[PDB]
Structures are given as C-alpha cells and as structure tokens.
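Visitor: Please read through the structure below; I'll follow up with questions.
Cβ placement follows ideal geometry from the backbone for every residue including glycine, while neighbour counts extend to all protein chains displayed. What follows is calculated from the coordinates using simple rules that are stated; it is not laboratory data.
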Amino acid sequence: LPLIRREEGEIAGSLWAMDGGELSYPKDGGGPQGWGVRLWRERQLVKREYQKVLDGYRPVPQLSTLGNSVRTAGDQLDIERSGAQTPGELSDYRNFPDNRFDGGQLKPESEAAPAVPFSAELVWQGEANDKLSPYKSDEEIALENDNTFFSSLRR
Amino acid sequence: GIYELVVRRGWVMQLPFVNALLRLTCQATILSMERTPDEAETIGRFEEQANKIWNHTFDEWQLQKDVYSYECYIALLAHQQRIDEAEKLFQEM
Amino acid sequence: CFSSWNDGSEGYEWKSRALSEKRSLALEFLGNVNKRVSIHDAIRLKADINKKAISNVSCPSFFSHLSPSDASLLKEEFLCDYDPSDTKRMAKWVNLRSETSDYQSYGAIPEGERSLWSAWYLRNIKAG
Amino acid sequence: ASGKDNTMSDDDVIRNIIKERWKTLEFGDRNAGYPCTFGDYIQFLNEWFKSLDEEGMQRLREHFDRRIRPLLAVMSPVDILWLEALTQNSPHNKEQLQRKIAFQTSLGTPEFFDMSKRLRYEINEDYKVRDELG
Amino acid sequence: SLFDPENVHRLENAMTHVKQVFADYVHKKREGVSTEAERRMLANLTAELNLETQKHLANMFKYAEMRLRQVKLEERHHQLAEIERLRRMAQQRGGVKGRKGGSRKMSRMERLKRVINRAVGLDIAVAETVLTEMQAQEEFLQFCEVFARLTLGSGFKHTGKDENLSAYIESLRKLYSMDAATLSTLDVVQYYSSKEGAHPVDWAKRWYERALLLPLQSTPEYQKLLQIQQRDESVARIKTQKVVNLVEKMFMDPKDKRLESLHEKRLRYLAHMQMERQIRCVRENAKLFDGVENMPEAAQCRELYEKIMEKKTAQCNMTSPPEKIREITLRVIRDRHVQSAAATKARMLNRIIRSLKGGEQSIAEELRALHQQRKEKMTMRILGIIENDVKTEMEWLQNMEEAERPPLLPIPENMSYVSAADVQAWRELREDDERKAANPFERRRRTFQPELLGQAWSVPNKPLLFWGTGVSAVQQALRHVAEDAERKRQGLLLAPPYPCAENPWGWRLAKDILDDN
Amino acid sequence: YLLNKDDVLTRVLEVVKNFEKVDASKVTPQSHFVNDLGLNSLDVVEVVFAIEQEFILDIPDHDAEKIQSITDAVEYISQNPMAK
Amino acid sequence: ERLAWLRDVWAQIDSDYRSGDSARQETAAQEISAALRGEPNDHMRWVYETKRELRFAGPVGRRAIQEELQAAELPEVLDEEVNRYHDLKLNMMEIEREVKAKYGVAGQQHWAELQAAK
C-alpha cells in the first residue's frame, strides 16, 4: 500500500473524505489522467511486487476469492474439500495423499514427520551441526569421537 | 559452553574473558529489555545471569574488576534507569 | 507390442493420440474463456457423483543350501508385509499427475511463453 | 455427502445459500427463465444511487475502496471487457470475443490475481485503523 | 531391463501408453460399454510389462541403489530379530535344561531348524511369531470393526477429534518409561527400530474405546491373545588384530549427546509409521466389510442395536454409581460371531503357502513359483499405481470439462412477506438496534446487518405489503395511454430506438406483445 | 388454537394503514373502506387479499362478500380457528 | 565456498578416473570431456529445480524435502542464481529435434501443425 501510494496517489480515495469532498479519485474524463491509465499503473506496481514474490524475496500470497474464481474450474473443488489457505497447502494436499483426513480435509503440520536419513550420524555432520566444535580443539574432538589407537597420534 | 570448555582445559582464566562473559550477559539483558519488553521472567533471567557473574565470578577466579567491567555493568544499570546505583558505581570506581 | 516401446515413429496410432491430447489440453487451458467459471453447486454435486462413479469402476485385474539371492527373495516376502517407501519410489517412474502437474503446479508456465503458437508442453521431451 | 458440516453450520447455512444464489444470478428475459435483464439491473443501480444521501454515497465509496479497488487494480483491461461481455450476456458479442485471439490468452492469471487479497487486506486494515481505533 | 536406469525413456513411454489404454477402459466401463477388445489389449500390455518386470527384478537388485539399501536393511533387521528370538530361545533352553539335561528330541528339532536356517536362510521361530502377531491383529481389527458397525451403525471415521501424533508419541514414551523406568529417547527408538514389524493396535483400540464408551482391554479374547503374544515375545591384542572399519569410524557414537534431536525425530517418524499403518489396515477393513455389514443382516443388526440399548442402560446405571454388562457384551460377541461366519477372505494363507514350502522337496519348482508370485505382486502394485494415476487424472480432466454446464433451477417459494405480526413482535430489537447504532464503539456489533452495495439494512418497522401497492404507476399509465392514443391518431413516433447522435446509447422501450398493436 | 382478539386487530389496522390509497390517522378500530377510508369497490378485494397474505389461509368468495369494513374482517379472522 | 565444494566433487571424479575399474574410468572420462567442452552439469539443473520447488512448496513438503536433502551436502545456491537459470528462455529448435527424434513421423506432423498455427 505505501509503495502504490507514493508513486501515483492514494488508493483508498475517500478514506479521508468529508461532505463528499476531499476526494482523490481520478478524473472522469478518460485521458492521460483518468481511470484507465491510473489502473494500468497500479497494475504495473502490483506486477512488480508479484515479480518480487516469484523471485522469492517476498512470501507467497494466500489464495484469494478472485484467484479461487478461476482455478481451472476444477481446482476450486480441491481447495474447498481441503483447508487450502495457501498454494503451498494445496500442493501438500495433492502431493501427500496419505496425510489427509477422510472426506478430503487437510491434516495439520504437527503430525507429519518425514524420515531422517542415517547419513546425519556422520562425524562431519555432527561437527557442522554442533555449535561448539570450532572452539573445541583437535585433541578434544578426537577423544570425544574415538578413544582408540585409530585416532591416537603436531596434529 | 566456551567458558566451561576453558575451565576444562585448565587455562588461566583471564580478566578479558570474564569481561567478555559479563558483556554478553549485560548486552543480552539490555537488548531483551529494548526488543522484547514483555516476558519480565526472561528479563530477570538474563539480569540474574549478569548479576551472578558480576558478583561471584570475579572473586571465583580472583580477578579484579576494571574499567571495562564497570563500563558494561554501568551500561546495564543505565539502560535499567537505576540512576542512583549507576552513579554510585561511577563515583566509587 | 514389443516394438511399440522404441522411439522412432513406432506405435504411431497411440503416439499421435497422447501427443494430441497434450496439445488439446494446453489449448483448452489457455484459449478457452468459457472455461474460467466459478462453481455453482451444479459442479459440486456431479463432481462427487463422477468421483464415486470412478471409484466404483473396477480396474481389470489380469490372471495374476538355497542361494543367497533366493534367501533374500524369501526374506523380503516373509518379513515385509507392506512397505511404505516403495510406493513413493514408484512415483519417480510413474510420474504422478504427469499431464496435470504442468498446469496445476505453482508458477510453472511463465507469462511470456503463454501463447497458443508456443511449444511449452514439449520442454520435458527427452529422447533416448 | 458429509452432512456433518451442514449440521454444525446450521447457524450459518444461510450464508452458503446466499453465496450460491449470488453466483447463480444471470441476465436475460424476464418472461424467459431468467430473473431480470441488464436494463433492469442498470435501472436498479441508477435509482439506488439516486436514492442515497451524502452519507449513503460516502458509504458506497467506502465499499468501493474496500472491495473493488483491489480486484480492479489487479485485473487487466481485457479481463474487465470480458466481464462486461459476461454481464451483457449477449451470445453474439461473447462469440466475437471468443473469436478474438488476444481476449482468450491473457485472462488466466489467478496466481497474479492472488495479490488482490493482500491489497484488500491492507486497505481494510487502514479503514479499520480509522473506524475502530479512532 | 526396462526398469534399469538406462531405459527410463521407454518406461515413461510405457506410462503414457498404459495410461491411455486404462483411460479408454475406464471410460467404456463407466459408460456401460465395457470393451472386450479393450480388456484383451490391457491383458496383452500387462503381460508384456510383466515380462519386463520379471526381467528387471534380477537386474534391479544389482543396479538400483535403493534396492541394495532395502536389501541391507532387511538383512540387518532379520539378524536383529533373530538375535532377539535367540535370546528368548536361550531363556527357554535354560528353563528346559533344568527340566531335562538330556533334551535329545528338542536337540534334534533345533538341529533341523538350524539346517533350515542354513539352507533356507530364515528363522522358523521368528516367522511363527510374526505370523501369530499378524493373525491376532487381523482378528482383533475385524472383531472391533464389526462390533462398532452393529452397535453404533458407523464404521471408521478418521477425523481431527482422533488421537494426535504428539499424544501418541507421549503415550508410547510413558508406556516404555513405565515398563523400564529408565528408557531414554535413544533406547526407545533403538527398540522400535529393531522391531519395525510388530503390528501395533493401541491407537485403533483407543479410537474404538472412545467410540463405544466401554473398556476393551480385558473382555475380548482376541485382545487378550494379542496382549499375551506381545508379553511372551517380550583381549587387547585380539582387538588390535581386529581390523578397524573406517566406514564404521566415519559415524559418531550413537550414545552421543549431540544426537538427541535426531533420536526424537526418529521416534516421531516411527510413531507416524505405526499410526499410518493402523489407519490403513482399519480403512481397508471398513471399505471391505462395513459396506455390507450395515445394510445386510437387518434382523441381526436390530438385535445388536437392542443389545446396545441394554448395555447403554447398564452404562447409565454404572455412571450413576460412578458419580449384567459382561453378559450383554458377551451376547453382542455371540452376535458378531454370526458375521464372522459370513466373514471370508482370510489373509493368513501366505503362512500356509510358506509351510508348504518348508516341507517342499522339489525346491527348484517351489522357488520358481515363489519368483512368479513376487513378480505378479509387484506388477500388480505397478498396475495399481497406474490405475490411481489414471483415475485421478480422469477425474481432474472431467472436472475441468464440467464447468460449462448450466446451473440448477431454484424451486419457487411464498412471496417475500414480513408478517404484520412479525413486524410488531420485535420492535424492541429495533429500538435496541437503533441505540447500538447511536454509539460508535458498538455500531457494527449489531445483529442482523445485511448490506446492499454500501447501505446496511435495518429491521423493518412496517409490514411489507404487496396487494395495496402500485396505484401511482397505473394512474400514470392511464395518462400515458391517453397521450399514446393521441400519438397514434396523430401519426407520431417516439425517440429513435436505434442508437443515433441524439441518442448515443440505443435506448428502446421493450415492445411487449400485449401492447405491440 | 384461537388467537386473542387484540393481536389481529393490531395486525389488520397496521396493514390497512400501510395501504398507499388510504391515509394514516383516518384508521380507527372501526372503519368502512368505501365510506370512511374512500376506496372504490375494485380495491376491497385486494384489501381482503392483503389480509390473505398476512393470514395465509384462503378465504372463500362467499365469506369475503360478507366483509365490507375492517371490523367484520376482525371478527372473521379472530373466530377462524384454522388461522395461525 | 563453491570452489571448495566442486573441488571435493572433482575429488570424486579423480578417484574414479584413477580407480582402474573400466566403468568408473569411463564415466570419469565422459564427465571430464563434458567439462572441457563446457556443457553445464545436470546435477546443477536438478539443484536449481529442487531449490525452486522448495521455495514454492507448502510447509510439510518443505520439511520433507529439506530433511531428505539436508545430509546430501548440496551447494549453497543463491535465489538469484536459481532465478537466473529459470528465467532464460527455452529454444525451439532443440524441442523440435527432440520431439521428432522421440516420435518421428508423429513429431513431424505435430510440428507441422504447430507451424501452421504460427
């Protein structure tokens, strides 16, 4: 809203209106200062913000009624049968069919636990995910991991 | 963890290191006060850590508090708006 | 048949059907304005009607010391009653929603390449 | 099929019927199966506006700000002309627009349209600041 | 073969083709036009893909990395289960040895079992224990599903009200922390990962208990059988010479303080697996037998409902004292025995087949048959995956096609009329609405706030009449017809109905037939 | 079974007062359409039918003939037990 | 950071090239030849695709993929690099060649229909 307001003008025209005056809407005479041009420029600004969303700087917007009104004419049913607040939620609904309820409802996050590979038990993974390894000396880490001739030995 | 790792190494604990710990705790208290003004439980937790350091660790390691130690502690008290205690510390220093 | 598996213009009768199915689906998705409509309960009722009809439709089922390989084959069928990993493993070969994912994924088709003269559905074609 | 949602929503099944009724509204001939024509709808709008005091006009403009400005800003001019064709419900002009290639291709951008709810939320939170925190 | 990682283009070639033929079959089947030619072509394609899968079964084990990982995991799990069964058998042999030190017959049986383990590569005791646990679980779930079906008329409804995964992991945690009093997360996950194959039921038992509002832990003999089943199944130079396995050393010790989060996540994952298996096995039972248990045997269902009412009165009495039953539950058990007689399609015949294999002596023929069985089941799995894909794609595409239909026609109702009694009844609500509208803090906290474009409808203070309304229009119509007759006899015409310069928008009065001429 | 007399009296008086042809403040609990309120013979029919739409019951032509003022409708509706 | 990562990658490659095993040496040879000819890797393409999928995936899907790949040690790819890969357009000649090769006469018929549409 601030970005659109700064460039071409206030969008909530009549937000500060009194007696029908102090209006900030475009002129009724279709021209270089009229509704078509103003809406085109607002469209450009929202398109810029959508490009930001696509590039990932901004969070993905939730599903809207206007957007829901198209939805292939068939995805509306999936969204309705699911909670489907976000496109990510709809994607999960489709891509984890075993997570759902019965009737098509969506099951929340706190009970979907993905498998954790055993490859995370490697020594270098432990060192990377431990926040004190950089401050632990070589001898300390050596005795911490292995207490045998394999690791006994500057260093 | 670094602190207990040092006392495990058995090194000679240094006034700069104790001052770094005190600065960490005092800055945590100040920064929690200014950013998350609620949760007085956490505020008092950080403050208790800082006070425990300032009041026991220096005599535990037999170190004498110095300019930097008073600087950090006075910064904490000043942020807490404890004008009388901070000013008393200043003129006692 | 066995020769209909190979690339190079063999199996033309169904090659063409699937290939034109992709084209028709893309053309419907892009250039059909009458297709962009909100549901009005006349979709809601018969969509579930068709869902139950398809669920009722039944897939035609077909007629259906030891070596270390034989021992492993016996052990896998003995100790394993239902493997959850192999089901998702089959996904990388069956390509779940192979034809619908291109249109129901998020942000897939860029705005610039969204014309009927465009060839966007072929991006995933990889010959032998 | 479920029925349980309706059971729990008995207090608000009315809004479901109201939404579906708003969806199922179309313009044609009264003597035919349609309820009212575009001319009657336009007359009702004209006179409903004329019947509004300054307070009513201010409230209507507030409603416009809160509801239509987001959708109108996100929607392309082609989309607006297409919706005008839908409102007029004339088969011949709808067929002409369907014939026009440019009208067909550029309509389907619901991912882009989803910015409309964020825009509406910001405008509504500003109006909420005013009218509730004032 | 086709499934090796060098014919993936042919394999996708296969998905496209089989999907097309299955889509045609589904269309012709749901249209009631089932095609014998379509079914025959599907059978031929299935046979070709089955030959391809049989060829790839041997090659896939050697090539695929996931297949090798699965094989290694199965071997390690079998070794661990055999070690546990060997500890149990060591306890049993210690008990029997005190009973008889000269256990010649038992020693011969053990020697035969060891010969089988060498040649067959499996543990008969472990196989029997797994079979018994699976059979007990199947019987228990069948009994519970039929009992609930007849008592409440409802099958399996997995809704958010059910027991959550956090609660389930907490329940398992407390179970083991009370069994041992010292079991940490690492030990808990170690035991559960070692087992990995004991069919749990506790979640389904909890759901059925919550559905029936009766205890189930003691009364049912199948619960008792499952519980007893689980109860009964429950130097320096040498080390220097022992070669250090660098691949082992690449892993850090399992009893490391940095692995607590990993172990907790593993516990969550294993609990999710158990709960999902429970839900799955209950779900196919519900779709299999519950579709007919509710409708069929109406008299037996009514008798079970009467028994349920009796047990409900008994439960009300028990609650009265908590603020007969066993006999009623036994009657309901005798009732569900009737359905059990109708219950068919047992799934424990795999153990019968494996017992035949145990006594086999044409071992080559039996292993060929087993290979055929494995190939058939895996191609059935592939066909089921393809069937699900085609089903969902067809449903999605037909939903997409479904949009352009006309909407339903509303049924007419009485003319919108707010009664005079209705209006006069609740002007008090009107006065309260006006008072609420007065102050700002509670203007929008008013009941009944409809809205047109901008305006908010209030409550009407006058009845909305119809019959008395419309006099001005008819009077003006009389005047209009007088002036229009003057126009007709004078030869005049109205504004140009076509769009002209004076009338840019073509504004035309709708010519009605009653008034056309 | 039988509504009390005052409620339908209020119902009919306000329903007639809300008629466009009539004028408010000329309506008393006893009034004659043609004479007092000034309505032609062609309007008393839709008057009795405003009473119909208020009381969904269907009144026969012969009985409606017997009703020419507001009081008569009051007795008729009050004594009707099939009313609501 | 990226140079160290792909230094380890080519440590794998060098070990394969020096293993002696014919198949391993073969694979190392083709990958060295591709690197010298400058054709960019397919692992990087998969990495970019997976990163965008993670960006646009819901929460449970994000957790699943993230925990699946967290141990794989994939390189740190900037959102800018992923978007740079995705944005650049796809050529039409390669697409027509691939479709005509995978489908032959059907491919030529489809491409003739597409050009007629053009």
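Visitor: Counting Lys and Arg as +1 and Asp and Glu as -1, each charge on the Cβ, what is the dipole of chain E about the Cα centre in debye, to the nearest 20? Let's see the in-between values first.
Guide: On the way: 88 positive and 75 negative charges, 744 e Å.
With only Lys, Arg, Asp and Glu charged at Cβ, the dipole is about 3580 debye.
Visitor: Would you give the gap between the C-alpha center of the stretch E:137-187 and the C-alpha center of the stretch E:1-74, rounded to a whole Å?
Guide: 37 Å
Visitor: Another question about this same structure. Based on other C-beta atoms within 10 Å, arrange G:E113, E:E365, E:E133 from fewest to most.
Guide: Details: G:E113 13, E:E365 10, E:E133 20.
Going from sparsest to densest Cβ surroundings: E:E365, G:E113, E:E133.
Visitor: Turning to a different aspect of this structure: Would chain B count as rounded, prolate or oblate if I go by the C-alpha gyration tensor, calling it rounded below 1.5 in a/c and otherwise prolate when a/b exceeds b/c, oblate otherwise? The partial results should precede the final answer.
Guide: Working: a/c = 2.55, a/b = 1.33, b/c = 1.93.
It comes out oblate by the Cα gyration axes.
Visitor: Going by C-beta contacts inside 10 Å, put B:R82, E:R336, G:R18 in order with the fewest on the left.
Guide: Values: B:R82 14, E:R336 23, G:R18 11.
Ordered from fewest to most neighbouring Cβ atoms within 10 Å, B:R82, E:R336, G:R18 come out as G:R18, B:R82, E:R336.
Visitor: Just checking the output field for C:104-115: average partner chain Cβ neighbours within 10 Å of each residue's Cβ?
Guide: Values: counts 11, 6, 14, 9, 3, 2, 5, 8, 2, 2, 4, 7.
Across the residues of C:104-115, the mean count of other-chain Cβ atoms within 10 Å is 6.
Visitor: Sticking with this structure for a sec: Of B:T42, B:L89, B:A28, which is farthest on the positive side of the dipole of chain B, counting Cα position, with +1 on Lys and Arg Cβ, -1 on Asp and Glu Cβ, and the Cα centre as origin?
Guide: B:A28
Visitor: Same structure again: Could you give the C-alpha radius of gyration of the stretch E:337-422 expressed as a fraction of 2.2 N^0.38 Å, taking N as the number of residues it contains? Spell out each step's value before the answer.
Guide: On the way: Rg = 29.3 Å, N = 86, 2.2 N^0.38 = 12.0 Å.
For the stretch E:337-422, the normalised Cα radius of gyration comes out at 2.45.
Visitor: Turning to a different aspect of this structure: For helix G:42-56, what angle does its Cα long axis make with the longest principal axis of chain G, in degrees from 0 to 90 and rounded to 10?
Guide: 80 degrees
Visitor: So what's Rg/Rh here for the stretch E:181-309, counting alpha carbon atoms and using the Kirkwood radius for Rh?
Guide: Details: Rg = 23.0 Å, Rh = 19.4 Å.
Value, to two decimals: 1.19.
Visitor: Roughly speaking, what is the centre-to-centre gap between the stretch E:387-421 and the stretch D:5-33 when only Cα atoms are used, to the nearest Å?
Guide: 11 Å
Visitor: With +1 assigned to the C-beta of every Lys and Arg and -1 to the C-beta of every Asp and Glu, and no other charges, what is the dipole magnitude of chain D about the Cα centre in debye, to the nearest 20?
Guide: 420 debye
Visitor: Loop only by DSSP, 11 or fewer other Cβ within 10 Å of the Cβ. Give me the GluC sites (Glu not before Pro) in the stretch E:477-517 that pass, ordered by residue number.
Guide: E:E502
Visitor: Another one. Convert each backbone phi in the stretch E:292-300 into a coupling constant with the Karplus relation 6.51 cos²θ - 1.76 cosθ + 1.60 (shift: θ = phi - 60°), then list the ³J(HN,Hα) values in order as whole Hz, x for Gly and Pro.
Guide: 10, 5, 6, 7, x, 6, 5, 5, 4
Visitor: Further question on the same structure: Grab the beta carbon distance between G:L3 and G:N41, set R0 = 22 Å, and tell me the FRET efficiency rounded to 0.05. Mind dumping the intermediate values first?
Guide: Values: r = 15 Å, r/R0 = 0.68.
Step by step, r from the Cβ atoms, then E = 0.90.
Visitor: Treating cross-link reach as a plain straight distance, find the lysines whose alpha-carbon is under 19 Å from the alpha-carbon of B:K88, omitting any fewer than eight places away in the same chain.
Guide: Of all the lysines, those that pass the test against B:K88 - Cα under 19 Å, at least 8 places apart if same chain - are B:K65.
Visitor: Which trypsin sites (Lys or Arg not before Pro) in the stretch E:444-517 sit in a loop by DSSP (not H, G, I, E or B) and have at most 13 other Cβ atoms within 10 Å of their own Cβ?
Guide: Values: sites: E:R444, E:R445, E:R446, E:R479, E:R487, E:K488, E:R489, E:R508, E:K511; in loops: E:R444, E:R445, E:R446, E:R508, E:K511.
Those satisfying the criteria are E:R444, E:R445, E:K511.
Visitor: Separate question: Which shape class, rounded, prolate or oblate, goes with chain G when its Cα gyration tensor gives a ≥ b ≥ c as root eigenvalues, a/c under 1.5 marks rounded, and past that a/b bigger than b/c marks prolate?
Guide: Working: a/c = 2.36, a/b = 1.30, b/c = 1.82.
Note, shape of chain G comes out oblate.
Visitor: Per the helix-only calculation at 222 nm, which mean residue ellipticity applies to chain E, given -39500 (n - 2.57) for every DSSP H run of n ≥ 4 and division by its residues, nearest 500 deg cm²/dmol? Mind dumping the intermediate values first?
Guide: Numbers: 20 runs with 357 residues, N = 517.
It comes out at -23500 deg cm²/dmol, rounded to the nearest 500.
Visitor: Going toward the positive end of the dipole of the stretch C:78-128, with +1 on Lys and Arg Cβ and -1 on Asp and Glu Cβ, which of C:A127, C:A108, C:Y82 do you reach last?
Guide: C:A127
Visitor: While we're on this one: Which entries in the list E:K224/E:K324; E:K224/E:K311; A:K52/C:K88; C:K15/G:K51; E:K105/E:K239; C:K46/E:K161 go over 31 Å, if you measure between the two C-alpha atoms of each?
Guide: From E:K224/E:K324; E:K224/E:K311; A:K52/C:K88; C:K15/G:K51; E:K105/E:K239; C:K46/E:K161, over 31 Å: A:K52/C:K88; C:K15/G:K51; E:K105/E:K239.
Visitor: Next question. Straight-line reach from E:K345: which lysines fall under 19 Å, measuring Cα to Cα and dropping same-chain residues less than 8 apart?
Guide: Within the straight-line limit of under 19 Å, E:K345 reaches these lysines: E:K287, E:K377.
Visitor: If you don't mind, there's one more thing I want to ask. Average projected area of the Cα convex hull of chain E, in nm²?
Guide: Working: hull surface 211.8 nm².
Result: 53.0 nm².
Visitor: Please compute the Kirkwood hydrodynamic radius over chain D, one decimal place, Å, based on all pairs of different Cα atoms. Present the calculation step by step, with values, prior to reporting the outcome.
Guide: Values: mean 1/r = 0.0542 Å⁻¹.
Hydrodynamic radius (Kirkwood, Cα only) of chain D equals 18.5 Å.
Visitor: Which whole-number value in Å³ per residue fits the convex hull of the alpha carbons of chain A?
Guide: 267 Å³
Visitor: Any chance you could give the angle, 0 to 90 degrees and rounded to 10, that helix B:15-35 forms with the longest Cα principal axis of chain B?
Guide: 30 degrees
Visitor: What per residue convex hull volume, in Å³, comes out for the stretch E:83-132 when only alpha-carbon positions are used?
Guide: Details: hull volume 4.1 nm³, N = 50.
Looking at the stretch E:83-132, the number lands at 81 Å³ per residue.
Visitor: Springs between alpha-carbon atoms under 10 Å, Gaussian network over chain G: tell me which of G:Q25, G:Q70, G:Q108 tops the mean-square fluctuations.
Guide: Evaluated over chain G, the most mobile residue of the options is G:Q108.
Visitor: Might you report the magnitude of the Cβ-based charge dipole of chain A about its Cα centre, with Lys and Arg at +1 and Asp and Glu at -1, to the nearest 20 debye?
Guide: Approximately 820 debye in magnitude.
Visitor: Let me ask you something else. Please work out whether the protein assembly as shown counts as rounded, prolate or oblate from its C-alpha gyration tensor, where a ≥ b ≥ c are the square roots of the eigenvalues and a/c under 1.5 means rounded, while otherwise a/b larger than b/c means prolate and anything else oblate?
Guide: Because a/c hits 1.5 or more and a/b exceeds b/c, the protein assembly as shown counts as prolate.
Visitor: Projected onto the charge dipole of chain G (+1 at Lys/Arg Cβ, -1 at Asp/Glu Cβ, origin at the Cα centre), which of G:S15, G:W111, G:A71 gives the Cα projection farthest towards the positive end?
Guide: Result: G:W111.
Visitor: Sort out for me the Cα centre separation of the stretch E:337-386 from the stretch F:1-39, rounded to whole Å.
Guide: 87 Å
Visitor: So what's the projected area for the stretch A:10-96, the Cα convex hull averaged over all directions, in nm²?
Guide: Working: hull surface 35.5 nm².
Directional mean of the projected Cα hull area for the stretch A:10-96 stands at 8.9 nm².
Visitor: When only DSSP loop residues count, what trypsin sites (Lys or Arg not before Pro) in the stretch E:111-210 have their Cβ near at most 10 other Cβ atoms within 10 Å?
Guide: Numbers: sites: E:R111, E:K113, E:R114, E:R118, E:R149, E:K157, E:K161, E:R173, E:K174, E:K195, E:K205, E:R206, E:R210; in loops: E:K157, E:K161.
Those that pass, being in a loop and sparsely packed, are E:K161.
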